[PDB]
């Protein structure tokens, strides 16, 4: 039982909240799709994006640079399915809105709808770090959209406590 390794709370038959590292959660599930909380240029310099890139030994960034050079930058709310690099079956790069730039927070709906294409998704709370969206607000957008099995992973115990009462 992969989740026995982690404190967690089942919210619905779709959505479970997990305390830990989303990369280590996804490693337990060979058929999971791991969500990267990315920016429009897929520049994975810090945050969960930097951690995912480091776990891939830089391979994620090389793949992202090829994609962006070929396709041009993404829009806020866009998502792109790329290779998993042995971290997960695939990695879904999702561009959440940046509240610092007063971008439309409701674009999180579009971000989370994109996860419904996959039978099992491991995701952080998109935009919930430096992009300035409060975790409970990002969770609100997630639970409204999720139609598949989603493990929502938070690496702060204070965030986990606040989300589980």
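Positions refer to the first chain, counted from 1.
Taking the mean C-alpha B-factor of each stretch as recorded, 89 to 97 and 69 to 77 are not equal, and the higher mean is that of 69 to 77. As the entry records it, the average C-alpha temperature factor is higher for 41 to 49, out of 41 to 49 and 120 to 128. Among 107, 137, 60, 33, the highest C-alpha B-factor in the deposited entry belongs to 107. Among the modelled residues of its chain, residue 11 has a C-alpha B-factor that falls in the middle third, as given in the PDB entry. Ranked by Cα temperature factor within the chain, residue 133 sits in the middle third according to the deposited record. Per the PDB record, residue ranking by Cα B-factor puts residue 17 in the lowest third of the chain.
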